[PDB]
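Accompanying notes for the structure given below.
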Amino acid sequence: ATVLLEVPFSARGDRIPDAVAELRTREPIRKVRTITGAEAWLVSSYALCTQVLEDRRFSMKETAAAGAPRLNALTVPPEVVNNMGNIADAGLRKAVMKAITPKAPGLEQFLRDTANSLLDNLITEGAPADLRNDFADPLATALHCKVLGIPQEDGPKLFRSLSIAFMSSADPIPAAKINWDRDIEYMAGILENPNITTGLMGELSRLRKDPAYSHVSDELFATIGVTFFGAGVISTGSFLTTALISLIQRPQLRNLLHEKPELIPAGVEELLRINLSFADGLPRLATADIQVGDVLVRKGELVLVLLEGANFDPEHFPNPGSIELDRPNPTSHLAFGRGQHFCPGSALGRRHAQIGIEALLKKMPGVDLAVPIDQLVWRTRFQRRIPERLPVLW
Ligand code: HEM
Ligand SMILES: COc1ccc(-c2n[nH]c(N)c2-c2cccc(-c3cccc(N)c3)c2)cc1
Numbered sequence: 003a004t005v006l007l008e009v010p011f012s013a014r015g016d017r018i019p020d021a022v023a024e025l026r027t028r029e030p031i032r033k034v035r036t037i038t039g040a041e042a043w044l045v046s047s048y049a050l051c052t053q054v055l056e057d058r059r060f061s062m063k064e065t066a067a068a069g070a071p072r073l074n075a076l077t078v079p080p081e082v083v084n085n086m087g088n089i090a091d092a093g094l095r096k097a098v099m100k101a102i103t104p105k106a107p108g109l110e111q112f113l114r115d116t117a118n119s120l121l122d123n124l125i126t127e128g129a130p131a132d133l134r135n136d137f138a139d140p141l142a143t144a145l146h147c148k149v150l151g152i153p154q155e156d157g158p159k160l161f162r163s164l165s166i167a168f169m170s171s172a173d174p175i176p177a178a179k180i181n182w183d184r185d186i187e188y189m190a191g192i193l194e195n196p197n198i199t200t201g202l203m204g205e206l207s208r209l210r211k212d213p214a215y216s217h218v219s220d221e222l223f224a225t226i227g228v229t230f231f232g233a234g235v236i237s238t239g240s241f242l243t244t245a246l247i248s249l250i251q252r253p254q255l256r257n258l259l260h261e262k263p264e265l266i267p268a269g270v271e272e273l274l275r276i277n278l279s280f281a282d283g284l285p286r287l288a289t290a291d292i293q294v295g296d297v298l299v300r301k302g303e304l305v306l307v308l309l310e311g312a313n314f315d316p317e318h319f320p321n322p323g324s325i326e327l328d329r330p331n332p333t334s335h336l337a338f339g340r341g342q343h344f345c346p347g348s349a350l351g352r353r354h355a356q357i358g359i360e361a362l363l364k365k366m367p368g369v370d371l372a373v374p375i376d377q378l379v380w381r382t383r384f385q386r387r388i389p390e391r392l393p394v395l396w
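One point on numbering: in full-length UniProt numbering, the residue at position 313 of the sequence shown is 315, and numbering is uninterrupted.
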C-alpha cells in the first residue's frame, strides 16, 4: 500500500520534476496531501489553473478561516491574507499602486547605481561571489527601502525577518509573531516620523492625516508597509536569484543578452515563465460546489494552483522548457498570478530583474557557477525555492 501523493514535490528550483508533466497529462486536477495532513486538489494544466484563478468563488481570503483545510500554518494575522482587499476597501488601491510602479523619478537610476555598486564590491573582493546574499537580495532590499521611502540602513533588519516570515510550516511559528509585532511597531513609528515624506510610507503618512481617510486604522497602514516590504523583497530577490541560475545554465542566451541588451525584457519575460521560485501552489478555498475538469470540487475544499503546471504546459507554451524570445503569447504566463489577485508589483518586479541582469552581464559577462550545480543547497519548507548560497566566478 502507498499513501496519498504529498506536496510539495521537490524544493529544487533548478529543474522541474518529471512528475509534473505526467500529472498534467493524466490527472490535471487530483487529490494530494499537504504538509499539515490536509487534503487538497492540485491543479496543473494551464486551462484549469486559469479557470480557478479567474473564478472568485475560489477564495483567497477564506483560506484563513478557522477549521479550513490548510496548505500551511499562518505566519501572519488572518487579516493580512486579505491585505489587498482591505487596501481596496479603504480607498487606497490607486495610491498604493502608483507608489510601487518603477516609473518614479530616479528609481530606475537608483536601481542601476545600486546594482553596479554591489557588483563592483564583488569584483573587488574577488571570486567566488555569492549572487544571492551579496547581490540579488541586497538589490531587492535596497529597492524596497527606496520604494517605501524608508532609510536604506533599516533594510537589513527588516530583511532578516523573512527567512521565518515566509516559511511554509505545518505548525504556527513563535518567531514569526515576535518579528511581525516588531516590524509593525517599526512601521507605526515610520508613519509618525516627520522625515518620511516620499515613497509608499510617505504617501500613506500623508493620507493618514487627510480627512477622507480619518477612519482608516493605523493597524492597516502599518500592515501595508510590513506586507509590501516583505512580500516584495522575498518575491523579487528569490525570482532574480533563480533567474540568474537559469541564465548561467544557458551560456548562449547569456551571450545573446550581453550582445543585444534590448532583448533583456523579452528574456526576463521567459525567465518569469519558466521560474520555479514558488514552492507551493497558490491556495484557494471553494465557497461553492464547482466543476473543475473531471472533478466536482466541494464547498470548503482547498485548491492549489500549481504555477509551473500552467507555465510548462506544452498545449499553451510549445517546447515549454526552452527559453524562446519570439513567442506570440509571451506575457500570458501565470508568474504574477491572474484575475482578482494579480500581483500589483508586476512592473516593479520586471524592472528589478531587467536592471539586475543588465548590470550583471555588463560587469561579469563571463559569469558561471563556481560549484557543480548539484552542490546548491535548496531551502526547505519555505514559500519560495531558493539556494542558500549562489557561488559564482567570472
Ligand atoms: C518577480 C517578482 C514577483 C513575483 C513573481 C510575484 C508573484 C505574485 C503572485 C503569483 C501573486 C498572486 C498570489 C495569489 O493569487 O495567490 C502576487 C500577489 C501579490 N504581490 Fe507579488 N510578485 C512579485 C513582486 C511583488 C512586489 C515587488 C510587490 C510589492 C512591492 C508584490 C506584492 C504583492 C501583493 C500585495 C499581492 C497580493 C495581491 C492581491 O491579493 O490582490 N509582489 N505576487
Ligand atoms: C511579510 O510577511 C508575510 C508573510 C505571509 C503573508 C501571507 N500569508 N498568507 C497570505 N495570503 C499572505 C499574502 C498577503 C499578501 C500578498 C501575498 C503574496 C503572495 C505571493 C506573492 C506576492 N508577491 C505576495 C501573500 C504576507 C506577508
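Just so you know, even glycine gets a beta-carbon here, dropped at the ideal spot from N, CA and C.
Run through DSSP, which three-state label would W380 get?
-> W380 sits in a strand when the DSSP states are folded into three classes.
Looking at the structure shown, is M62 part of a helix, part of a strand, or coil, going by DSSP?
-> When secondary structure is reduced to three states using DSSP, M62 falls in the coil class, being assigned neither helix nor strand.
What residues are listed by DSSP as bridge partners for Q293?
-> The partner list for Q293 (beta bridge, DSSP) reads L298.
Express the C-alpha separation of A190 and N197 in angstroms, rounding to a whole number.
-> Taking the straight line joining both Cα atoms gives about 14 Å.
For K262, three-class secondary structure by DSSP = In this structure, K262 counts as coil in the three-state DSSP scheme.
Determine, using beta-carbon pairs with one atom in the segment 208 to 220 and one in the segment 261 to 270, whether at least three such pairs fall under 8 Å.
-> In short, these stretches do not touch, since the Cβ pair count stays below three.
Mind checking who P389 pairs with in its DSSP beta bridge?
-> Residue pairing by DSSP places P389 opposite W380 in a beta bridge.
Quick one: does the C-beta of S348 sit closer than 7 Å to a heavy atom of ligand 3?
-> As for ligand 3, it is missing from this structure, which binds only ligand 1 and ligand 2.
Through-space distance from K364 to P104, alpha-carbon basis | Answer to the nearest angstrom: the Cα atoms are 21 Å apart.
Have a look at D20 and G128 and give me their C-alpha separation to the nearest angstrom.
-> In this structure, the CA atom of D20 is about 38 Å from the CA atom of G128.
Whole-angstrom Cβ separation of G358 and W396, contact assumed at under 8 Å?
-> A Cβ-Cβ separation of about 15 Å leaves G358 out of contact with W396 under the 8 Å criterion.
Taking the runs of the beta strand (DSSP E) that are 3 residues or longer, which of them lie wholly in the segment 194 to 271?
-> Within the segment 194 to 271, no complete beta strand (DSSP E) segment of 3 residues or longer occurs.
Quick one: any contact between the segment 313 to 325 and the segment 35 to 52, if contact means 3 or more CB pairs under 8 Å?
-> Yes, since at least three Cβ pairs between the segment 313 to 325 and the segment 35 to 52 fall closer than 8 Å, the two stretches touch.
Looking at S237 and ligand 2, is the gap between the Cβ and the nearest heavy atom below 7 Å?
-> Within the cutoff, so yes.
Label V305 either buried or exposed according to how many other C-beta atoms from any shown protein chain fall within 10 Å of its C-beta, with 16 as the threshold for buried.
-> Buried, since its Cβ has 16 or more Cβ neighbours within 10 Å.
With C-beta atoms as the reference, is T238 less than 8 Å away from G351?
-> Taking 8 Å as the Cβ cut-off, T238 and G351 qualify as a contacting pair.
Start-to-end residues for the beta strand (DSSP E) that takes in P285 = In this chain, the beta strand (DSSP E) harbouring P285 covers 284 to 288.
Taking the CB atoms as reference points, tell me whether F280 and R381 lie closer together than 8 Å.
-> Not in contact: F280 and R381 (Cβ atoms no closer than 8 Å).
Whose C-alpha, out of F319, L73, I89, is nearest the C-alpha of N331?
-> Taking only the C-alpha atoms, the option nearest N331 is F319.
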